[PDB]
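>>> Part one of the assembly, not moved from where it sits:
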Amino acid sequence: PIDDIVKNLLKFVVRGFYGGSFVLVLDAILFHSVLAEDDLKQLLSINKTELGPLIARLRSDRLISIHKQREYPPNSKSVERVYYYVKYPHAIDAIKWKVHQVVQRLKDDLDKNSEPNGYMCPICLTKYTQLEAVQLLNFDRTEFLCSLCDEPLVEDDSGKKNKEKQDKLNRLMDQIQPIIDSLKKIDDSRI
Amino acid sequence: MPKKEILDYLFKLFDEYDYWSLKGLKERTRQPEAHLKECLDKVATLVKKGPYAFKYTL
Amino acid sequence: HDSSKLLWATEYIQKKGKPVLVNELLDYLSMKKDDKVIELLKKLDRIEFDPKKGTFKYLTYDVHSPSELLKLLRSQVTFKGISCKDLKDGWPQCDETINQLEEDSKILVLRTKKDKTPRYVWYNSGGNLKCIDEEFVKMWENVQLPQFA
Amino acid sequence: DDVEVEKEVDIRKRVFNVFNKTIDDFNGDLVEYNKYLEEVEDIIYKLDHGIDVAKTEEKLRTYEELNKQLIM
């Protein structure tokens, strides 16, 4: 049902923004509900160092939880397993807001390339504010000269990079398109 | 070590021990390793895994 | 020894590139004169030493196809997975097959470049999802997530 | 995505931008439209990749003239 879509939900984040092996760690969580780290090390034949941070990416993004599988074997030795638990509802929390902010960020570069803010004297290697500007424009002048070069400036943050960001915005929506409603598909049940 | 000589000598060694460790066979040869290894490439069939790991076979 | 001379003669069948005569094969080696080599060549599947005149012609994880390799991934759901070794032993050039059965159809793990893709046997569904820009990879994981509360 | 064919839109769009005065749909006749479509394909496709774009720049010269026809 819905939780199965949550099972498949994290696959979207894992197989898109990460490498191929990252789902191989996630797949093992769905493979065994109590996923022993020592076993998952053997399953993909990756050493202790190579498998370590892979769980952390699933842990940090609220996708997995390495549950401290402390238990007492027959030998009475310090037995510990990083049981990669699947915290399904909390991983939803991580994917939900991460889609939220990135749409804003790509918008930000658009507005910045539509409102020139500063100036620059590329001859004297000096950038100017408009207030800096209004100090060296002469009443006999139409562009604010400099004080080290006594030369006009250039407008800063013009609109030649404006069109760059819209593709990033459009690529953001078209690539996050599979993810947005996949969260809302789960959020219908809120489980 | 000639290829025929390698073919006969390695088979003479393989008849003694074809299922022998790949390090042990070379020390039993101690010659320019290209000849002994090459004879293992056609006059033997490599088994990397199993109890007879790295052991010549046919 | 019988095997050594027989091996050199049988290896000579494919090396010559010609179906040389039954006897003329022996004189090329000039040392192999036993009948076991002829018996082995007659017993050789690769060396088609048929009833006709002398004819010297060359020839575990039986999953030799992405269809069969996909079945192997299907057999290892919630189960363990061999890396790449017997896979290429029963099927030469698995790595091209891995890319051809891309998007979780040959779902491997490119462990290293010089390792000849030391793969992993795992079974995903869509697998690839490569259209995500690596900038969105940069933009996805720079997010500070609220903790328990 | 065959970036040679990516320029096909720009060549086609320039006809849609500057050379829109060409009589394809406003004339009404199917024979005139069909000849216009073949003429449109003659200009745009050569201007698309440019394997023989020596009259295509001249087609641009006519297209700019068509723009003046729209302009004047």
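It's in. Numbers count the residues shown, from 1 in each chain, chains lettered A, B, ... in the order given.
>>> Just the residues contacting the longest helix anywhere in chain C, thanks.
Counting by DSSP state H, the longest helix found in chain C is helix C:2-16. Helix C:2-16 is contacted by residues B:3-4, B:7-8, B:10-12, B:15, B:42-43, B:58, C:19-20, C:25-26, C:28-29, C:31-32, C:34, C:36-37, C:40-41, C:44, C:46-47, C:56-59 when judged by Cβ atoms under 8 Å, 6 or more residues apart in numbering or on different chains. The way it works is simple: take the backbone N, C-alpha and C, and place the C-beta from them, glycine included.
>>> Which single residue of chain A ends up nearest chain B?
Per Cβ to the nearest Cβ, residue A:45 is where chain A lies closest to chain B, at 13.2 Å.
>>> residues near that residue, how many?
Per other Cβ atoms under 10 Å in any protein chain shown, the neighbour tally for residue A:45 reads 20.
>>> Does anything pack onto the helix ranked longest in chain D? Which helices or strands?
Using DSSP H, we find that the single longest helix of chain D is helix D:30-49. Helices and strands touching helix D:30-49, by 3 or more Cβ pairs under 8 Å, 6 or more residues apart in numbering or on different chains; DSSP states H and E, are helix D:3-17, helix D:56-71.
>>> Next to chain C, which bits of chain A? Give me the list.
A:8, A:11-13, A:15-18, A:20-21, A:23-24, A:27, A:30-32, A:42-46, A:57, A:60-62, A:93-94, A:97-98, A:101-102, A:105-106, A:168, A:171-172, A:175-176 (Cβ under 8 Å from any Cβ of the partner chain).
>>> Surely residue D:15 is in contact with residue D:22?
Yes: between residue D:15 and residue D:22 there is a contact under Cβ atoms under 8 Å: 7.2 Å.
>>> quick one, which of these two is more surrounded?
Taking other Cβ under 10 Å, residue D:15 and residue D:22 do not tie; residue D:15 has more neighbours (21 against 18).
>>> Provide the backbone phi and psi angles at whichever residue of chain B sits closest to chain A.
Chain A sits closest to residue B:49 of chain B, with a gap of 13.2 Å, by Cβ to the nearest Cβ. Here is the backbone geometry of residue B:49 (degrees, to the nearest 10): phi -100, psi -180.
>>> How many residues are close by residue A:152?
Neighbours of residue A:152 (other Cβ under 10 Å): 17.
>>> ok, the residue lying closest to it once chain neighbours are set aside to chain C distance?
Setting aside the residues directly before and after it, residue A:152 is nearest to residue A:143 in space (Cβ to Cβ, 6 or more residues apart in numbering or on different chains), at 3.7 Å. Distance of residue A:143 to chain C, given as Cβ to the nearest Cβ, to the nearest Å: 37 Å.
>>> Does residue A:143 fall in a helix, a strand, or a coil region?
The local conformation at residue A:143, judged by DSSP: H, G, I helix; E, B strand; the rest coil, is coil.
>>> Go ahead and confirm it touches residue A:153.
Yes: here residue A:143 reaches residue A:153: they are 6.7 Å apart, a contact under Cβ under 8 Å.
>>> Which residue of those two possesses the greater neighbour count?
The neighbour count for residue A:143 versus residue A:153, taken as other Cβ under 10 Å, is higher for residue A:153 (25 against 13).
>>> residues in chain C within reach of chain B, list them.
Within chain C, the positions adjacent to chain B are C:1, C:3, C:4, C:5, C:7, C:8, C:11, C:29, C:31, C:85 by Cβ under 8 Å from any Cβ.
>>> Dump the residues you listed to TSV, plus neighbour count.
Below are the residues of chain C next to chain B laid out as TSV (neighbours: other Cβ atoms under 10 Å in any protein chain shown):
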residue	neighbour count
C:1	15
C:3	19
C:4	24
C:5	22
C:7	24
C:8	24
C:11	17
C:29	17
C:31	15
C:85	16
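>>> Identify the farthest-apart pair in the residues you listed.
C:31 and C:85 (37.3 Å; Cβ to Cβ).
>>> throw chain E on there as well:
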Amino acid sequence: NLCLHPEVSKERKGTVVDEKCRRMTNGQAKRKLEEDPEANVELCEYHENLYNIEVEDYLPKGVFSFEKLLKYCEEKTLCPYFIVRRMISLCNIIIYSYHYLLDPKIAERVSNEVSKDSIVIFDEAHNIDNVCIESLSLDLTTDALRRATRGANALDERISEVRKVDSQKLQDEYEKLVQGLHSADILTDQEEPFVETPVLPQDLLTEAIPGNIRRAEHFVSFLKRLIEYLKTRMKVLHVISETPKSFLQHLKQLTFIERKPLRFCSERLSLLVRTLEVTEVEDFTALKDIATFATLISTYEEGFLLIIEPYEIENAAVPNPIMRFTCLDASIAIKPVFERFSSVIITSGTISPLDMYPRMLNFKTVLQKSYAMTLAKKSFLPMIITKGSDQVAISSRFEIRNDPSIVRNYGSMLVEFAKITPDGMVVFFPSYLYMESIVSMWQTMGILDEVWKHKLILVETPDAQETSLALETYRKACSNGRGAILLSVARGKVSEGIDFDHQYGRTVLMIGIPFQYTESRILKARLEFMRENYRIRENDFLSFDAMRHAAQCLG
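Putting chain E together with the chains above:
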């Protein structure tokens, strides 16, 4: 099903066999053997002799069945397909399935001489509307776009590489576009056509020019723009419902192709491909299916709905999206059947109720007479097994999985019948996905353990040859002394045409009532149109077809 050449008969899929014979003798390929000898093009050797001796008269006096026609044509070096395909104009009675009277890609050989003044009988006509739904349906997948991009790129080389081969042959077909819809050599052919037309039989297609896409190079221009536009329309956020006319409008702004020119893709592709004498078709198979969609999108509207689910719900949240398009009103293909026909008969022993058929398909009946089996002996016991050994209500509506409160009762039902029932037992599960968990979990417990020893069980499988091998070894067991049981699917292929005599079936079990709600909202979108265009609700439509499917299996 009627090929006799050993080279062609090896392949399993019909289209590959159909392609091999067609490429064996094609309007543009078979000419390259007679005029110039080559090993690249072979001969059917049975269409060859049919081309010489068979098309001069009719078959001597036999009324050939499938078994009889196969035997006769084998010895007389003839292929039975090319006989009966030609025999349309000569058969006083014509024998073919529902598709070749309804499916638009194959029903282009229909003859008015055998259609105007004839009498039409629809056998087992209960499953008539469901077939029509598939006729205007098509899916897509992210894998297919990679093939579609392959076809888009590979044909781009194909049309250009032949340009240096014969450029005037390229342009000669361009002047064939201004004159008309290529009627002289797109419809008056024996073998030439390669691209099928999903539209109605040529009546719903204008003959005007397909825009300014005449040029081979300019054909690449709009092809690569439209393929990119559909990919972002293939990676849609979720299932979105837009009228297919609106899809053209959104296409019109992103890729300016007018609706009338886009209707001409089907006759365009055959006009262009024929010029290139193409030799490799594997990556070009995607071209015919996408262009089939292109003809459909520009022609059908306000009766259907476009949907794009980003994944399959059973394997959700994956990059496996679909360009879902399915038929909502089956009557668009149904009505032109009644438009020309004068004598029509619809008869089926499983149609129940009998009243929604005229309202669903919009056709005129006069004699609605029902028949009851009047016999001096019962001979049949329809059962309503609501309660089992536990006396607990049994069904499959609750879930599509297994549960100890339910599965132990159904298995106990199967074993108890296995002890007593005589040879021949056929069951029809609601779905094949349902049964896979049913049998495997049945194997976990010892419930089948006694079922193992009672009778002989052969299972329905996705591959048709194996199931036919399974079924051919079912009937022989039933006729033989040992008892046998067959398990199948209500929506499976067995319920379509299979018969069971005395031995082949004595006690049939029906696990629940089959509801087809398991799939995505495609059917929910389909069901909405039935609710407003017609006065048939979800409840009335669901149970009446489910029992129709139930009554289809029982008889």
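>>> Take what packs on helix D:30-49 again, chain E included.
helix D:3-17, helix D:56-71, helix E:175-179, helix E:216-232.
>>> quick one: contacts of the first one?
When you say that, I think you mean helix D:3-17. Contact partners of helix D:3-17, identified using Cβ under 8 Å, 6+ apart, comprise D:22, D:40, D:43-45, D:47-50, D:56, D:60, D:63, E:156, E:218, E:220-221, E:224-225, E:256.
>>> so how far is it from its chain's centroid?
Centroid separation for helix D:3-17 versus its chain: 9 Å, with Cα atoms, centre = their mean, to the nearest Å.
>>> Go through that helix and flag the buried ones.
D:5, D:8, D:9, D:11, D:12, D:14, D:15 (16 or more other Cβ atoms under 10 Å in any protein chain shown).
>>> returning to that earlier point: which of the helices and strands packed on helix D:30-49 is buried the deepest?
Scoring the helices and strands packed on helix D:30-49 by mean neighbour count under mean count of other Cβ atoms under 10 Å in any protein chain shown gives helix E:216-232 as the most buried, with a mean of 21.
>>> Quick check: which helices or strands does it pack against?
With contacts taken as 3+ Cβ pairs under 8 Å, 6+ apart, helix E:216-232 sits against helix D:3-17, helix D:30-49, helix E:142-165, helix E:244-254.
>>> need those helices in TSV with distance to residue C:142, can you?
Output for these, formatted as TSV (distance: least, Cβ to Cβ, whole Å):
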stretch	distance to residue C:142
helix D:3-17	32
helix D:30-49	41
helix E:142-165	28
helix E:244-254	33
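>>> most tightly surrounded among these?
Neighbour counts (mean count of other Cβ under 10 Å) averaged over each of the helices and strands packed on helix E:216-232 peak at helix D:30-49, with a mean of 20.
>>> Flag every residue of chain E that's near chain C.
Proximity of chain E to chain C is confined to E:142, E:143, E:235, E:311, E:315, E:318, E:319, E:320 under the rule Cβ under 8 Å from any Cβ.
>>> let's see it at 6 Å
When proximity is defined by Cβ under 6 Å from any Cβ of the partner chain, chain E lies next to chain C at E:315, E:318, E:319, E:320.
>>> just these now: which is nearest residue C:124?
Using Cβ to Cβ, the residues of chain E next to chain C come closest to residue C:124 at residue E:318, 8.2 Å.
>>> number of nearby residues for residue B:18?
Residues near residue B:18, counting by other Cβ under 10 Å, number 20.
>>> now the one 5 residues further on
A total of 9 residues lie near residue B:23 under the criterion other Cβ under 10 Å.
>>> quick one: it from residue B:54, how far?
Distance, residue B:23 to residue B:54, by Cβ to Cβ, to the nearest Å: 8 Å.
>>> before we move on, back to that, dump the longest helix of chain C to PDB, restricted to CA.
Taking C-alpha atoms only, helix C:2-16 is exported to PDB below (Å, rounded to 0.1, in the frame of the first residue of the first chain):
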ATOM      1  CA  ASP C   2      51.200 -37.600 -23.400                       C
ATOM      2  CA  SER C   3      49.300 -34.500 -22.300                       C
ATOM      3  CA  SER C   4      52.100 -32.000 -23.000                       C
ATOM      4  CA  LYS C   5      52.600 -33.000 -26.700                       C
ATOM      5  CA  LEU C   6      48.900 -33.400 -27.200                       C
ATOM      6  CA  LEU C   7      48.300 -29.900 -25.800                       C
ATOM      7  CA  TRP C   8      50.800 -28.400 -28.100                       C
ATOM      8  CA  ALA C   9      49.400 -30.100 -31.200                       C
ATOM      9  CA  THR C  10      45.800 -29.300 -30.300                       C
ATOM     10  CA  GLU C  11      46.800 -25.700 -29.600                       C
ATOM     11  CA  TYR C  12      48.500 -25.800 -33.100                       C
ATOM     12  CA  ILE C  13      45.200 -26.500 -34.800                       C
ATOM     13  CA  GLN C  14      43.800 -23.100 -34.000                       C
ATOM     14  CA  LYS C  15      47.100 -21.300 -34.300                       C
ATOM     15  CA  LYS C  16      47.800 -22.500 -37.900                       C
END
